[PDB]
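For what it's worth, the entry's author numbering labels the leading residue of the sequence shown as 1, then goes sequentially.
Think of the CB as a built atom: it goes at the ideal place given N, C-alpha and C, for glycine as much as any other residue.
Everything below concerns the one structure shown next.
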Amino acid sequence: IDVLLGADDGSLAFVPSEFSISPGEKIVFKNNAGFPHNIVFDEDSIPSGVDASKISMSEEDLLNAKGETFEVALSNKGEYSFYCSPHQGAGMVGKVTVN
Ligand SMILES: [Cu+2]
């Protein structure tokens, strides 16, 4: 599944921001508008034995170019909340469910 980082109208959002995938299904987060961006999984809001470092960027890591991506496949089932560090306050957050 492809996820835009920033909407085509320049809104600071993940598009789509809520979605469900199966184990091992790729997520490709792609810089679209209002970059830089990143994608950080909330380490208190993912399946409790999952290592957030295996699946996310750090808060300092950034995707700088339009069309630059971050790809991840999630294995463990359950809810994963994530956000874009610089833009979290503006609402640039999401949640993916692995079912
Ligand atoms: Cu952002």
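Taking just the CA atoms, how far does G91 sit from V3? 16 Å
Please report the straight-line C-alpha distance between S45 and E71, rounded to a whole angstrom. 19 Å
With a threshold of 7 Å (Cβ to nearest heavy atom), would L4 be considered close to ligand 1? no
State yes or no: is the C-beta of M57 nearer than 7 Å to some heavy atom of ligand 1? no
Can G67 and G34 be called in contact, C-beta distance under 8 Å? no
Between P86 and ligand 1, is there a pair consisting of the residue's CB and a ligand heavy atom that are separated by less than 7 Å? yes
Using the Cα positions of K95 and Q88, report the straight-line distance between them to the nearest angstrom. 13 Å
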